[PDB]
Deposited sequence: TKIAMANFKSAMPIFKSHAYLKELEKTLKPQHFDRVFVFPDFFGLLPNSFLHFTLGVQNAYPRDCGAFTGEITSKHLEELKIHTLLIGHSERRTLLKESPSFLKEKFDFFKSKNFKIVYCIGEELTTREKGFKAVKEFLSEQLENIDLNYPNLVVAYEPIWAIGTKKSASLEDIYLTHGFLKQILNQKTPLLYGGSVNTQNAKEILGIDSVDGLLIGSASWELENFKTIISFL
């Protein structure tokens, strides 16, 4: 089976998120544990007692604990038994200005904690429009920031122009084909960006697509359930 990950972003009400988790846990079985992932916000999550899917957080500060006002640190996550994290999502790079150095600080830190890391990359439409060389250069430069051989690494390719809008199959086939040349053959490579119940199955048909990172469409349990069925 392939991968399916839900990114709640900051769109799910606290109560709705909590029920979502409990329901999902009842609908899924043990074999979905390492196939399905859910990333709710700090309020929407719950202690990690789930055995049918993987619980992760959308962000964290790269320190055990301390004077980091407004931030969540690793000891807290350890207390919640969460050990999966998103890093470099486009929204944080742009709206919250997380530079490459900061993202590298996070990767190195959480890697040292043996976390499963879903590292996000993606180019702007302008880069896409400059040609193949421009996209290859941009993406390969983003991957230089991390350790591509860390076995608990997952790379999520989300073209920025497709987040919250969807990349064409031709686009996904060629881009992922290139990425597969740069990444460890064991690293799962997910496609993200406007994935929905309508285009999921097709996206999943590309051999260089090991899974999906679903934002908007996953905020409805049933939609996610349906996507899971295509895995």
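Missing from the model, relative to the deposited sequence, is only the range 166 to 167.
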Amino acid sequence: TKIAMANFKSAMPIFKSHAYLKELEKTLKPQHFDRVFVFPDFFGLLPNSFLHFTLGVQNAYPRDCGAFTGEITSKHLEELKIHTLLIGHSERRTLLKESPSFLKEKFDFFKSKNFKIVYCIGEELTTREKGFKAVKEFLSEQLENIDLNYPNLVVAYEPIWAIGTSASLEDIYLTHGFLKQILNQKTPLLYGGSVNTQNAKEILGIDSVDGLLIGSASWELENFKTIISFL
From here on, numbers count along this sequence of modelled residues.
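In this crystal structure, the stretch out of 216 to 224 and 6 to 14 whose C-alpha atoms carry the higher mean B factor is 216 to 224. As listed in the deposited structure, the average C-alpha B-factor of 152 to 160 and of 121 to 129 is greater for 121 to 129. In the deposited coordinates, the residue among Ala67, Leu46, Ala60, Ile203 with the greatest CA B-factor is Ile203. When the C-alpha B-factors of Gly177, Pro30, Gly193, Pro40 are ranked from the entry, the top spot goes to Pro30. Ranked against the other modelled residues of its chain, the C-alpha B-factor of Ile182 as given in the entry falls in the highest third. When all modelled residues of the chain are sorted by CA temperature factor, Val36 is found within the middle third.
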